[PDB]
Amino acid sequence: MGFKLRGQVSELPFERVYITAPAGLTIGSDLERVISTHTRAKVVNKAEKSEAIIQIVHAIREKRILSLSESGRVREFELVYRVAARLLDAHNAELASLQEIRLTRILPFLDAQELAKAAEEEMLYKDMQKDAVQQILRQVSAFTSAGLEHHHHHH
């Protein structure tokens, strides 16, 4: 019969995985570590011995104005992090075009609070980068079950 328990923490069936980044981004280093620690998978340096391939298209974190006071004063700054990727076969065959990750953090603009200004742009950044990589992890581990459940992708 086989019983359905939970001995795994964040693990998946396909152990051998290969990563490919277009311009070699920071997220590439985070991903390998997050995978090896949370999942049963183990990242290879070459696709000769991989069961699946994780590909990233773009990952840019920029910042722009969100709200204004007095029709001129900067209130909050929208920290927009655009992540787009794909989930391919061991031979780079696109079976699952992975969806988009929507991450926007709220940067409170303050002149006197220099401490806060040296805090938010790290706290909101590290939390957001960590979230994004944990999201990809959660999507890859979900795709082995279904994955298409989150539906929306870039258009």
# chains A, B, ... in the order shown; residues from 1 in each chain; ligands from 1
call {"tool": "select_by_dssp", "arguments": {"residues": "region 78-124 of chain A", "states": "strand (DSSP E)", "output": "list in words"}}
result
residues 78, 79, 80, 81, 82, 83, 84, 85, 86, 87, 88, 89, 100, 101, 102, 103, 104, 105, 106, 107 and 108 of chain A
call {"tool": "write_last_selection", "arguments": {"atoms": "C-alpha atoms", "output": "PDB file, in the first residue's frame"}}
result
ATOM      1  CA  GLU A  78       8.983  51.134  -4.479  1.00  0.00           C
ATOM      2  CA  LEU A  79      11.814  48.552  -4.492  1.00  0.00           C
ATOM      3  CA  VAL A  80      10.810  46.454  -7.528  1.00  0.00           C
ATOM      4  CA  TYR A  81      12.629  43.117  -8.010  1.00  0.00           C
ATOM      5  CA  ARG A  82      11.761  41.423 -11.336  1.00  0.00           C
ATOM      6  CA  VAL A  83      12.596  37.687 -11.499  1.00  0.00           C
ATOM      7  CA  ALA A  84      11.889  35.490 -14.555  1.00  0.00           C
ATOM      8  CA  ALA A  85      13.069  31.888 -15.111  1.00  0.00           C
ATOM      9  CA  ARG A  86      12.386  28.505 -16.790  1.00  0.00           C
ATOM     10  CA  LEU A  87      12.374  24.833 -15.672  1.00  0.00           C
ATOM     11  CA  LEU A  88      13.969  22.546 -18.306  1.00  0.00           C
ATOM     12  CA  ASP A  89      14.949  18.902 -18.868  1.00  0.00           C
ATOM     13  CA  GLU A 100       7.321  35.332 -12.718  1.00  0.00           C
ATOM     14  CA  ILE A 101       8.214  36.408  -9.159  1.00  0.00           C
ATOM     15  CA  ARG A 102       6.613  39.721  -8.078  1.00  0.00           C
ATOM     16  CA  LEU A 103       8.602  41.309  -5.211  1.00  0.00           C
ATOM     17  CA  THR A 104       8.089  44.995  -4.292  1.00  0.00           C
ATOM     18  CA  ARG A 105       9.440  46.322  -0.965  1.00  0.00           C
ATOM     19  CA  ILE A 106       8.436  49.631   0.684  1.00  0.00           C
ATOM     20  CA  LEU A 107      11.430  51.972   1.240  1.00  0.00           C
ATOM     21  CA  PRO A 108      10.520  54.754   3.786  1.00  0.00           C
TER      22      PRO A 108
END
call {"tool": "residues_around", "arguments": {"residues": "region 37-45 of chain A", "least_positions_apart": "4", "cutoff": "6 Å", "atoms": "only C-alpha atoms", "output": "PyMOL selection string"}}
result
chain A and resi 10-11+15-18
call {"tool": "atom_distance", "arguments": {"atom1": "CA of residue 22 (chain A)", "atom2": "CA of residue 35 (chain A)"}}
result
19.2 Å
call {"tool": "closest_residue", "arguments": {"among": "A:155, A:95, A:32, A:109", "to": "residue 67 (chain A)", "atoms": "only C-alpha atoms"}}
result
A:109
call {"tool": "select_by_dssp", "arguments": {"residues": "region 70-122 of chain A", "states": "helix (DSSP H, G or I)", "output": "number ranges by chain"}}
result
A: 114-117, 120-122
call {"tool": "closest_residue", "arguments": {"among": "A:111, A:70, A:149, A:94", "to": "residue 54 (chain A)", "atoms": "only C-alpha atoms"}}
result
A:94
